[PDB]
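Residues per chain are reported as follows:
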Amino acid sequence: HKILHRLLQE
Amino acid sequence: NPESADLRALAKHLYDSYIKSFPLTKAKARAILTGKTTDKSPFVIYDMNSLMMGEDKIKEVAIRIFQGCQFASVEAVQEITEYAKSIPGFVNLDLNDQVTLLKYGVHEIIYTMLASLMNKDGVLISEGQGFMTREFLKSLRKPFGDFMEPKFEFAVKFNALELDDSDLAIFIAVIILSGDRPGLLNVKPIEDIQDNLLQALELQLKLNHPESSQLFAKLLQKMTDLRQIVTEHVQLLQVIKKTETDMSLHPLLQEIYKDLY
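Visitor: What's the story with the environment of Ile175(B) in this structure? I'm lost.
Guide: Residues and elements named next belong to chain B. With respect to the helices and strands, the residue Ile175 is situated in helix 8 (residues 165-176). As for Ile175 and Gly105, which are separated by 70 residues in sequence, their C-alpha atoms are 6.4 Å apart. Setting aside residues up to four positions removed in sequence, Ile175 forms contacts with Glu108, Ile109, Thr112, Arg181, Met223 and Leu226.

Written out as structure tokens, the structure is:
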């Protein structure tokens, strides 16, 4: 879930 | 009273962040769908020929339309992720729980919000620039023919409740903060937020529809209906992935669908 992690972190 | 006040503030704050997060609201979509607006009406797509002319204003045709939905879903997930971040206390949760909630939530909220764009005849696409007829979508070659009919079936029932954007802002927040999603590590704080949202939704439904009789109870029945639709949708995607080798699944969708129902 790197993309999901990325969107959540952004 | 003061407890009511806090719930009214939460409803106002969610509504604001909903307006910022989502480009096409139910209000605009209704205005476009009725035609009762000054804006240019949407390009109607009813067949293969109309679809081709349509490309400008907005691979096998069915596959082309499926990739279309795919790009649209990914944009929806991004809008919904930004919206979850707005839900007070959501960012304060365990990141793995934040991921888990979105992972199981997004498709339920996509189908909730698709209904705003839908009537019995068709669905607005490309931010109400297009209008793709339900008959046209039904007519696609299997399995693509039965891909959207369940979302149309749900949308006509859900659209009956005549909810507005302010009701929906809280309703989608309540869906996101579901304590029974598989694999959550810390349910209690999630349940605490959902209890605040559910009270906020209850107040909002009494205030915004004082004539409406137990709208709140009917709305909670629809949440269980939504889970069943999201399961069926994953089944067709499971099918489509294996049966069609000409289909590339978007990575972000793959993250979500991976180890799901």
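Visitor: Explain the sheet that holds strand 3 (residues 130-133) of chain B here, please?
Guide: Pairing between the strands of a sheet is mediated by backbone hydrogen bonds and can be parallel or antiparallel. Residues and elements named next belong to chain B. Across the sheet, three strands lie side by side as 1-3-2; this open sheet has mixed pairing. Bordering the open sheet on either side are strand 1 (43-45) and strand 2 (122-125), each of which pairs with just one other strand. Going across the sheet, the axis of each strand differs from the next one's by a mean of 25°, ignoring polarity.

Visitor: Got a minute to help me understand the packing of aromatic side chains in this structure?
Guide: Both the distance between ring centres and the angle between the ring planes are used here to describe each pair of aromatic rings. Residues and elements named next belong to chain B. What the rule picks out here adds up to eight aromatic pairs over all chains. Geometrically, the ring pair formed by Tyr18 and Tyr83 is edge-to-face, given 6.5 Å between the ring centres and 80° between the ring planes. In this structure, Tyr18 and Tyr83 share a single accessibility class: buried. On the basis of an interplanar angle of 50° and a centroid distance of 5.2 Å, the ring pair of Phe66 and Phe147 is categorised as tilted.

Visitor: Help me out: how do you make sense of the interface of chain A and chain B in this one?
Guide: Often, the extent of an interface is quoted as the loss of accessible area on bringing the components together. Counting residues at the interface gives nine residues for chain A and 15 residues for chain B. Around 1,200 Å² of area is buried between chain A and chain B when both sides are counted, 71% of it from carbon and sulfur atoms. Seen at the junction of chain A and chain B, the total is one salt bridge. Where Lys85(B) meets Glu10(A), a salt bridge forms, and the shortest distance between an N and an O atom there is 3.5 Å. There are six residue pairs in polar contact connecting chain A and chain B. Classifying every residue of the side of chain A that touches chain B by side-chain character gives four nonpolar, three polar and two charged.

Visitor: Would you take a moment to explain the pairing of strand 2 of chain B for this structure?
Guide: When a strand is regular, its side chains alternate between the sheet's two faces. Residue and element names in this part refer to chain B. Relative to strand 3, strand 2 is paired through four bridges, and the arrangement is antiparallel. By the bridge assignment for strand 3, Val123 is matched with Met132. Turn length for the strand 2-strand 3 hairpin, with the two strands adjacent in sequence and antiparallel, is four residues, and the turn residue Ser126 shows positive phi of about 45°.

Quick notes on the rules
Residues numbered from 1 in each chain as written, not as in the entry; some residues may be left out. Chains lettered and ligands numbered in written order. Heavy atoms only, no water. Helix = DSSP H or I, 4+ residues; strand = E, 2+ residues; numbered from the N terminus. Contact = heavy atoms within 4.5 Å. Pairing = 2+ DSSP bridges. Axes fitted to C-alpha atoms, helices over the stretch in contact; angles between N-to-C directions. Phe/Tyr/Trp six-rings, centres within 6.5 Å; stacked < 30°, edge-to-face > 60°. Buried < 20%, exposed > 50% of the residue type's maximum accessible area, 1.4 Å probe, protein only. Buried area = accessible area lost by both parts, 1.4 Å probe. Salt bridge = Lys/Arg side-chain N within 4 Å of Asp/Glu carboxyl O. Polar contact = N/O pair within 3.5 Å; in protein donor to acceptor, adjacent residues only side chain to side chain. Nonpolar A, V, L, I, M, F, W, Y, C, P; charged D, E, K, R; others polar.

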